[PDB]
Amino acid sequence: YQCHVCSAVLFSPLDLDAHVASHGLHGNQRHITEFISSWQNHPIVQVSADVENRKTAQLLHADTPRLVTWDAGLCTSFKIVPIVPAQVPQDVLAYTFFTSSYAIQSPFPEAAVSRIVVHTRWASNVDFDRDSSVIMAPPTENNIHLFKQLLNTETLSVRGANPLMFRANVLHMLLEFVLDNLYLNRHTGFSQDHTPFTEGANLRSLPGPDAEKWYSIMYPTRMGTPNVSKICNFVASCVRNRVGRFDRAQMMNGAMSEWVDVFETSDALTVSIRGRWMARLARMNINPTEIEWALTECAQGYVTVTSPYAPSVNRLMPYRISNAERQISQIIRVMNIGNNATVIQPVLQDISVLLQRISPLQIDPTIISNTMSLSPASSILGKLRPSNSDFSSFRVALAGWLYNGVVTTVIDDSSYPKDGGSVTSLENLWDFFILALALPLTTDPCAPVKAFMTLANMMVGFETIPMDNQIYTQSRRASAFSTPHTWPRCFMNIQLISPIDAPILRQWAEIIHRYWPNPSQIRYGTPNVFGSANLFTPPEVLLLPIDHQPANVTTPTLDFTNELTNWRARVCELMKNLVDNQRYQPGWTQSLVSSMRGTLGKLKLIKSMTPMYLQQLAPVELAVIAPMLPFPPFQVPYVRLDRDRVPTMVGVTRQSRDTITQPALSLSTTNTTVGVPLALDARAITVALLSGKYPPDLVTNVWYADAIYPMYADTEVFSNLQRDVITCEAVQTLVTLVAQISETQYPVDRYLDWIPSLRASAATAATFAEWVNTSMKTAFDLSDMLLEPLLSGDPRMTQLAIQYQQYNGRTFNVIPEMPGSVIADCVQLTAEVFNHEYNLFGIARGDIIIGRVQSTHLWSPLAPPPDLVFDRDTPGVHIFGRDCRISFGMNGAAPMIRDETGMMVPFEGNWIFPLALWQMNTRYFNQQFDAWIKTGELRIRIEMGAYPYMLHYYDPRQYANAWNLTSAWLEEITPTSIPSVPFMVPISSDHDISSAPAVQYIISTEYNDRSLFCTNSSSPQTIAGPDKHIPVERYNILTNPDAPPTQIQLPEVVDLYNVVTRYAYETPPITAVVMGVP
Amino acid sequence: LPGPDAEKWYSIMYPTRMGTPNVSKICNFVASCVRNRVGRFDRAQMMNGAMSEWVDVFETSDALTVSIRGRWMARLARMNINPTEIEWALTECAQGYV
Amino acid sequence: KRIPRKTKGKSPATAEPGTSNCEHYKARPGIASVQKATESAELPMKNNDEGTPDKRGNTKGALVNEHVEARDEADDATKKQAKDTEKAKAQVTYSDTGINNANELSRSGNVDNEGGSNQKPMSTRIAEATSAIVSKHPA
Ligand SMILES: [Zn+2]
């Protein structure tokens, strides 16, 4: 067998059918990427790293999130639960079809009282549980556990919540609510219907064994109007033709559509969240042609990639992002580094080994011995020690070019001559040769001055140079010049060194100024589809500390046009001039001029090929490797000798630009150099740079094709792009969310402030951000890292930015313009809806009035009439502040409390506390006020703003008394928590009843009876108690005839019957056919 | 405070933190103090993720010992030297040989 | 089709004349060695988390000084470098270089988010500061 699209060899017909799906052909899922070369038989597939028992398949060690996940159940997130059940006699009990009895199935609970609750994903099949659920029990249970999970570790009670953390808990709850509905609606099949009420209407069928149990919940219109009741006349009011399927795509797939619009039970909030998520994902769509272009361009032209496919529109490959998100991810990783060398070591080591494995260069020190054959020759042989074969220092010096801004590589301290050195010593002369040859390959910006001052130290007693001050001396160690502020004026201005006094030293200085290698820059990667994470350089540029030229192997070894070869020749010439006249070497009794000259000539004319390599083939390998790295290159510019542009500090900023706060310098600024310093071996660098060669039969096209194929077959660029998406999104949402519970210059709309809270400090904001971070990681199935560096000290940030500075005070500041974020948009939307539908999440606004009210009236204490409520406008009201002090009576007088105006008042009338007063003096105020509240004439309006509640229904035809609950609540209040407020609601009945007294003490101060759905749903009408017909405002497209099928009044009231759009996509793996180039 | 029994210090240090439910003399005193002068109210956070370098805190103290320790800290701060000055001094003493 | 989770949360066709599998060519760069090097270089970065709080609000990491933390991380990196190179002494050292770097700080678990030392963790401080002012029943 074989596939004529990609030319792969298969074995079974089912194998071919499963294989063509990766190209887009149908027929009649474990792989991430699938490559194949054209010059050999060796495919390379790539499978996830967590799976077991892989049969010779490479791994994807990235930490890619789970973006695309499907949902096949209902789209709703608000369920209706009956509270007080009830059976009622009926007139029509079932239907008849010639012999058959079909039971009457009602879309809503047939109970005496039923109200809406919030169980996220109560009816939904999912292929990946995101596992961040906001599950709410009915109000008759206790839901206090939803508001005491974030900043309640210490707690004076187990069933109490701290009222100073209500806003933080509600914000986290809304974040989880949004973060749980991030699924993707699915396209399960349909089925016709010929019921007399839903005739010829395609109905959607959930997956699973049963399918007709959900047809009564999905479609409230299907039930007829058999009986005379509230459900019956509601269904009578509703219109018919809005049911089932609305329309379907024109592109079919077999006999099945691509998308479809269906009327069914849902909510506008979840449908809007999922629609925005769908738009966000579709905005990231990529194209196999563009992947082809990107890979064939990143390969530098040694290999051409091609990826064929068939015409399809339902293909989804979310991989496209903007440069701002890449830059923000880069800033987060730079903060992660945090002066910890343990997170820099593996990167440089592994890049070193990768270069060593894909490079053509071979390093054998036998060339030096063959060219060589106190004996200066033997001296330099013993000082280079060619028998050693560890050249990790060379490869790491090359790999450090990509990471100029984080790690700076300097020559070791042990390489410099002992005790400063002297030119009268052969050993010190050879030390200088090795050091001077090794210096130009490091990223230390003071390398030229170290090179100069080495010889300057060695020349003491023979040559002098002008000094800058009276403190330092010419014999200052060359390794102590580690900063730009140290460069000698004589070295900068070259004409100060007098040629009649320091001849050799001025020669060395002129050689440094003229022949030091010149920086350059090469362009890498595909900035059109992979973006670019370059912060201080343009989008497609790779800076290099050496010049680079086009490649060819047929170029002469001795080529003094090459910078490094020219440098070796010049250094050898100067050491020759130093040794020529023996002016600097007294004490040498025998003349070693001939030996020194011969050895220096051999060193200069050695047939090394490392200069050729570094000039031609090293930059192309760096550019071929760069776009595939996990931590992309972070570079700061290379300034050859211009001192006023030497970068000396790199910081990171969190606060906005128009604000003054604590100066909180990042930890990256404490480095003496620009980055973390690592030392290198000058001897090893010199040996590797002095003895190298190619294989005798290198064909560069074949070599780089065979070396590029197996390492693009294990690329994780696409996973990294998705993770950068998620990182930028998390940063934006964390800023937008932490700006709500503190004081920050990032103003976003402040939708909820009636929920009380405190002005969170650094520690509280940090723990809150930790909960946010952990929730997002749990939702997207990440485990490595996301937002952790931001949590290290004062997370109350406004925006990220990174900047370095030059020596002369100039600073360059970069600020990625962060785009919109779908998660933060959805969170703000859900908060804006919470502002109106707070009751459904088990919360009430306003405050409660504690006062004895005995009567036989049935008025539902969550909807108080105007008589029982008082406020500041109410005359004869006493407002109390923190200075409330009780003084007992004497000899029959009455106790008195301290008013806010200053007067004393007895325990009578209407009062107004803050909740803080009681929460402070609970154990005292309770014992002082209990009897007066119970049997006296005392009434208090504790003002709270927001509070969770709990309902206690009773029979309105028997005695009741709420004191045993009220006093329990008042006892259980504590300085750190508060239990849910207990209410005492009567039960409504469709028949007349007797009336018995009822003594209740707690009532609200405004309408909180909004979660109530319907009462006596299966009867014709309610006669006593709270009355509530079915809310037609939520069933708008059904009840309202002249309403467009997509209209939603989402901010005010959320609808429970909408138009959902179901999808059915295919997400193929990354396919490529790597061809070779002649 | 660092110590074995630290619960007994949050009421000794901060008089105006308790509640005033009473007409007793201590409550009459606490009901006259201002409310914002408790705990820390100023700090110098030079470095991110490091110790604040000094703080100003309202707390139960003693003006005499505060003045004495202020004098002592001023005396010690007049003696302070930094690594650059020490480096220049040692270099000039060594006369370039170090 | 249920996908597991990686972490834990809240819980007459004749043979046509072209095909063959004889394996005539072998790559000179070495496909296995290149794949091994790519596997080593593909790994994500270590997570440097000490200094950040956990759920209860207590910082993570040891209680050692900042600068000594940086020094210990440096010479541990040196030891790991030697182990990777398979020698006795690392040739590319991160510690004891020629650069004077006595001001370098490395994030540790000694300092909280406010800017104070945590010799007594945040939860303990909160618990005792709250317990200092509770009250009981009269009798
Ligand atoms: Zn194929």
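Quick one: what are the phi-derived ³J(HN,Hα) couplings along the stretch A:816-831, Karplus 6.51/-1.76/1.60 with θ = phi - 60°, whole Hz, x for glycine and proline?
x, 6, 6, x, x, 10, 5, 5, 5, 4, 5, 5, 5, 5, 5, 5
Let me know the mean shielding of C:132-139 by other chains, meaning the per-residue number of their Cβ atoms within 10 Å of its Cβ.
Details: counts 11, 10, 7, 9, 1, 4, 3, 0.
Taking the mean over all residues of the peptide, I get 6.
When averaged across all projection directions, what area in nm² does the alpha-carbon convex hull of the stretch A:207-323 cover? Could you put the intermediate results ahead of the total?
Working: hull surface 49.8 nm².
Spelled out: convex hull of the Cα atoms, projected over all directions, averaged, 12.5 nm².
Based on the mean of other beta carbon atoms within 10 Å per residue, what is the order of C:32-38, A:733-739, A:421-427, most packed first? Show your work: numbers first, answer last.
Values: C:32-38: 17.4, A:733-739: 22.6, A:421-427: 19.0.
Taking the mean over residues of other Cβ atoms within 10 Å, the ranking is A:733-739, A:421-427, C:32-38.
I'm checking a number: the convex hull volume of the Cα atoms of the stretch A:163-256, normalised per residue, in Å³. What is it? Walk me through the numbers on the way to the answer.
Values: hull volume 18.8 nm³, N = 94.
Enclosed volume per residue, from the Cα hull, is 200 Å³.
What number comes out for the charge environment of A:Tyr953, summing +1 per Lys or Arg and -1 per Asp or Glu over other residues with Cβ under 14 Å away? Working shown, then result.
On the way: positive: A:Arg115, A:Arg957; negative: A:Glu141, A:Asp955, A:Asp1009.
Net charge in that neighbourhood comes out at -1.
Expressed as a whole percent, how much of the Cα-Cα distance distribution for the stretch A:385-425 exceeds 18 Å? Before the final figure, lay out the partial values.
Numbers: 417 of 820 pairs.
The proportion of pairs with Cα distances above 18 Å equals 51 percent.
Using the Cβ atoms and a cut-off under 13 Å, what net charge is assigned to the surroundings of A:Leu25, where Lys and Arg are +1 and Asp and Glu are -1? Don't jump to the answer; show the numbers that get you there.
Details: positive: A:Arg315; negative: A:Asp17, A:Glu1066.
Net local charge, A:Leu25 excluded: -1.
Straight-line reach from A:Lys934: which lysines have Cα under 24 Å away, leaving out those fewer than 8 places along the same chain?
Here the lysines satisfying the reach criterion relative to A:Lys934 are C:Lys136.
On a 21 Å Cα-Cα criterion, which of the cross-link pairs A:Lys148/C:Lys10; A:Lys576/A:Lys607; A:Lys148/A:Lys1028; C:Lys8/C:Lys55; A:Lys55/A:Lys777 come out too long? Walk me through the numbers on the way to the answer.
On the way: A:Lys148/C:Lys10 15 Å; A:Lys576/A:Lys607 19 Å; A:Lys148/A:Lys1028 32 Å; C:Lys8/C:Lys55 15 Å; A:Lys55/A:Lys777 30 Å.
With Cα atoms farther than 21 Å apart: A:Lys148/A:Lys1028; A:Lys55/A:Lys777.
With the Cα gyration tensor of the stretch A:902-960 in hand, convert its eigenvalues to equivalent ellipsoid semi-axes via √(5λ) and list them largest first in whole Å.
Details: eigenvalues 127, 61, 26 Å².
Result for the stretch A:902-960: semi-axes of 25, 17, 11 Å.
Over the stretch A:590-629, what portion of Cα pair distances is larger than 15 Å, expressed as a whole percent?
Working: 485 of 780 pairs.
Cα-Cα pairs in the stretch A:590-629 separated by more than 15 Å: 62 percent.
What does the convex hull of the Cα atoms of the stretch A:951-1036 come to per residue, in Å³, rounded to a whole number?
Numbers: hull volume 10.4 nm³, N = 86.
Expressed per residue, the convex hull around the Cα atoms of the stretch A:951-1036 is 121 Å³.
Taking only Cα atoms of the stretch A:447-506, what ratio of Rg to Rh do you get with Rh as the Kirkwood inverse-distance radius? Please report the intermediate quantities before stating the final value.
Values: Rg = 10.7 Å, Rh = 11.7 Å.
In the stretch A:447-506, Rg relative to Rh is 0.91.
Would you work out which of B:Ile12, B:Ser52, B:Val23 lies farthest towards the positive end of the dipole of chain B? Charges go on Cβ: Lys and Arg +1, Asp and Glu -1.
It is B:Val23.
Amide H of A:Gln58 versus every other amide H placed in the peptide plane: which residues, excluding those fewer than 5 positions away on the same chain, fall under 5 Å?
A:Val45, A:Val47
For the protein assembly as shown, give the share of DSSP beta bridges that are antiparallel, in percent and rounded to the nearest 5; count only bridges with both residues there.
Numbers: 75 of 109 bridges.
Antiparallel: roughly 70 percent of the beta bridges in the protein assembly as shown.
If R0 is 60 Å, what FRET efficiency do you get for A:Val158 and B:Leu90 from their C-beta distance, rounded to 0.05? Working shown, then result.
Values: r = 64 Å, r/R0 = 1.07.
Taking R0 as 60 Å, the efficiency between A:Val158 and B:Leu90 is 0.40.
Long-range amide H contacts for C:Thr52: which residues qualify at under 5 Å (H placed 1.01 Å from N, peptide plane, sequence gap of 5 or more or a different chain)?
For C:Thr52, the qualifying residues are C:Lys60.
How are the alpha carbon pair distances in the stretch C:1-132 distributed across 5 Å bins from zero to the largest one, expressed in percent?
2, 7, 9, 10, 11, 11, 10, 9, 8, 6, 4, 4, 3, 3, 2, 1, 1, 0, 0
Is there a simple number for the mean count of other chain Cβ atoms within 10 Å of the Cβ of residues in A:332-340, and what is it?
Per-residue shielding by partner chains comes out at 5.
Report, in debye and to the nearest 20, how large the dipole of the stretch A:607-756 comes out about its Cα centre when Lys and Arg carry +1 and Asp and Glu carry -1 on their Cβ.
Working: 10 positive and 14 negative charges, 133 e Å.
Value, rounded to 20: 640 debye.
Can you pull the one-decimal nm distance between simple spin-label points at A:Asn388 and A:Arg514, each 7 Å off the Cα toward Cβ?
Between A:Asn388 and A:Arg514, the label points sit 3.4 nm apart.
Between beta-carbons, use under 15 Å as the cut-off and find the net charge around A:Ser591, counting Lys and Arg +1, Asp and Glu -1.
+2
I need the semi-axes of the equivalent ellipsoid of the protein assembly as shown: take the C-alpha gyration tensor, multiply each eigenvalue by 5, square-root it, list largest first in whole angstrom.
Working: eigenvalues 1022, 446, 76 Å².
Listed largest to smallest, the semi-axes of the protein assembly as shown are 71, 47, 19 Å.
Quick one: give the max-minus-min coordinate of the C-alpha atoms of the stretch A:56-127 along each principal axis, largest first, in Å.
Its Cα atoms span 69, 36, 16 Å along the three principal axes.
Using every pair of alpha-carbon atoms in the stretch A:262-381, split the distances into 5 Å bins beginning at 0 and state the percent of pairs per bin, rounded to integers.
Bin by bin from 0 Å, the calculated values are 2, 7, 7, 9, 10, 12, 12, 10, 8, 6, 5, 4, 2, 2, 1, 1, 1, 1, 0, 0.
Mind ordering A:572-582, A:683-693, A:1011-1021 by average Cβ neighbours within 10 Å, highest first? All intermediate terms of the calculation are to be shown ahead of the outcome.
Values: A:572-582: 17.5, A:683-693: 24.3, A:1011-1021: 22.7.
Ranked from most to least packed, the peptides come out as A:683-693, A:1011-1021, A:572-582.
When the Karplus curve 6.51 cos²θ - 1.76 cosθ + 1.60 is applied with θ = phi - 60°, which whole-Hz ³J(HN,Hα) does each residue of the stretch B:69-81 get, with x for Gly and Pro?
Result, rounded to whole Hz: 6, x, 4, 5, 5, 5, 4, 5, 6, 6, 8, 6, 9.
Using the alpha-carbon centroid of each, what span in Å lies between the stretch B:39-97 and the stretch A:44-91?
59
Fewest Cβ neighbours within 10 Å first, please rank A:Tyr1, A:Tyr183 accordingly. Walk me through the numbers on the way to the answer.
Values: A:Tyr1 14, A:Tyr183 23.
Listed from fewest to most nearby Cβ atoms, that is A:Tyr1, A:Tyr183.
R0 = 30 Å: FRET efficiency of A:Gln927 with A:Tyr959, Cβ-based, nearest 0.05? Don't jump to the answer; show the numbers that get you there.
Working: r = 28 Å, r/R0 = 0.92.
Calculated value: 0.60.
Against the empirical 2.2 N^0.38 Å scaling, what ratio does the C-alpha Rg of chain B come to?
Details: Rg = 22.3 Å, N = 98, 2.2 N^0.38 = 12.6 Å.
Against the empirical 2.2 N^0.38 Å value, I get 1.78 for chain B.
Cut-off 13 Å, label point 7 angstrom out along Cα-to-Cβ of B:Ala6: give me the residues of the stretch C:114-128 whose amide nitrogen falls inside.
C:116-128
No lab work stands behind these numbers, since they all come straight from the coordinates. Cβ atoms come from the backbone with ideal geometry, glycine included; neighbour counts cover every protein chain shown.
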